[PDB]
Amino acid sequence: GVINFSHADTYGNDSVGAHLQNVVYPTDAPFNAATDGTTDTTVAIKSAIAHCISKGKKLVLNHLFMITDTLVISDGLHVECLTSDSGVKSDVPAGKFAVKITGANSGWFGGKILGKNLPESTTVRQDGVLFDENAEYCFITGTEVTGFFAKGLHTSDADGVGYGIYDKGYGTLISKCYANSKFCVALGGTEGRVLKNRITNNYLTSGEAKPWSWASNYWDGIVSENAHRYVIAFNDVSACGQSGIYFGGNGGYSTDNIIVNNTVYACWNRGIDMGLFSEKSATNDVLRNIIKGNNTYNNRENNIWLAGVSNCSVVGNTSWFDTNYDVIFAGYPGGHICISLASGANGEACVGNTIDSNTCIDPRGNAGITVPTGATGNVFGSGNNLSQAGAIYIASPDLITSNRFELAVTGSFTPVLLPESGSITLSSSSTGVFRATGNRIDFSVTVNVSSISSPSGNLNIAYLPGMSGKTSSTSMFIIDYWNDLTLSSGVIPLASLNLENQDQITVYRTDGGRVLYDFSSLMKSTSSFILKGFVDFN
C-alpha cells in the first residue's frame, strides 16, 4: 500500500513524484486506463497523449489497449510500447485509421497495432497506421501492424481501404516492422525509408477462393502511387495476393525511388512491379527508379516487371524460378519470366531503361529477359547472365537499332536482289542471318537464284533488319563463295554498304584498275553467292 501518485498533481523538484512524472503510463492517474484488453481505453489514451504533448513528457503504453477512435500522435510525440505485447487493438470504424502520425519527428516504437483480422468478412473495413501529409521525419519502428482488411474495393478513403501502413509524409521511416493487411504498406509520400521489414498478407495460406479477382482481400505487399525518393531496402516480401513491391502509374507520378537488397518471392502477381495502368500524363508516370541487388523468385506473373516505364534501371539482381512454382501456383499458371519489359496498359513504350549484370535462372528455358515492340532507348548489358535461362527475346527485329543489345540478339531474314533493270528471283533456300552486338550487326547472306527476267546494271541485296533509314560509321563486307556467275578470269565480286539506303548492300566487281557496277548483267538463273560482313551503325 504505497504512496498515491498522479500526473495531475504538482510536486516539488526534489520529489519522487517529479521524477516519476517524466514517464506517463495510461494506467497512471488521472488517466486510469483499463488493463483487461476489452474495456475501451480511447478516452484515457487520448488524455495521456494530450498531457504528454502539453507537458513535454514520454508516453509508454504498458498494455494492449482496446481503442475505438483514431489516436493522433502529433507535435513530435513518441509512443513507446513497454513490451512487444503492448500497443493497441483497434475497433475503429471504417473510414478512420487506428493511429495517425503527423507533425515533425512524431513516431511509434515497438509493440502491436492490431485490426480485427477478419479477411473473410464482407462487412468489416479498417485501416491501420496513417502518416498524413503533414508528417515530417516521422517513424514507426519495431511494430507488428496486422489484421486491417476490407473485402471489395473502396470508392474513396472514407469507405475504409485495408491499409496496414499508409505513408503520405516526408521522410517517414518504416523499419523493423511486420506489416500484414490487404495492402500491407502503401507509399504516397516523399523521401521515406522502408527498411528491414517483414511484409506479407499470406495469400497462399489464406483459404480465400481462387482465382484472384478485384474482390480479394489480399493485394500488394508495397503499393506505391505518387511515391518519390523512397529507399526500400532489406525487406522480406512474400506470398502477397498481388505484387510484392509495386509502383504506378495508376493515378500516381512515382519517381526516383531506390529498391535494393530485398527478397521478393511467391507473390500472386509480380515480384517487383513498375508499370502504367492509367494513361501516361504529367501526373501519371513511373520514372527513374533503381532496382538493384534484389533476389526475386517464383512470382507468378513475372519476377521483375516493367510496363511502359522510363529511365528505370534493373542492375545486379538475381531473378529465378524452380519447380516449386508449379506447386504453389498449381491451376493458375502465369508468365514465368525473370525480367520482362512490356507496353503500358494503353500502349506506352518502355523508354530509356537500363538492364545489366542480372543473373536469370529459368529451368523451363523461358527467355530470361523479354523486350516488346515499341521499346526505345533501352540498353541490355552484356553483363547479364542468361546461360541458365532462355536467351533474351525480342518481339521484332527493328528493336536492334532502336535499343542497344550488348547482350547479343540473333535472327534471320529473307533476302531479295534489286537489279537496276529487270528482275531476279531467289529460291526459298536463300537466307540471311544477323547478330546484333551493341551498335554492330554482323551478317551472313546466302543468295541462290531461281529465275531471272532480263536483269542488267547495278545490283543491291536487301533488306538488312533494323537498318532502314539508319546511317553507319563503318562497315565491311566480302563475298567468299560464288557459283555460275558470268565472270572473266581475274574478275572477283566486291560488296559495299549502299550509303544512300543503308539497309542495302551494293554488289559489284573488279575491272583491273577500276570497279564496275554491272553485276546484274553477270547473273544467271542458277547463280549463287554468299556475303559476309558487319555494319557499325549510328
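Residue numbers run from 1 along the displayed sequence.
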Mean B factor on CA atoms, stretches 249 to 257 and 90 to 98, record says higher is 90 to 98
Higher avg CA temperature factor (149 to 157 vs 128 to 136, as deposited) belongs to 149 to 157
The residue of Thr431, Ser387, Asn217, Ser238 with the maximal C-alpha B-factor according to the PDB record is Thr431
Reading the B-factor column for Cα atoms of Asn458, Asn298, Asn289, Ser402, the highest value belongs to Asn458
Tertile call for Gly466 (CA temperature factor, within chain, third-based) is the highest
Entry-reported C-alpha B-factor of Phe277 relative to its chain, by third, is highest
Entry-reported C-alpha B-factor of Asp398 relative to its chain, by third, is middle
Chain thirds by Cα B factor, record data; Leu417 belongs to the highest
Tertile call for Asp326 (CA temperature factor, within chain, third-based) is the middle
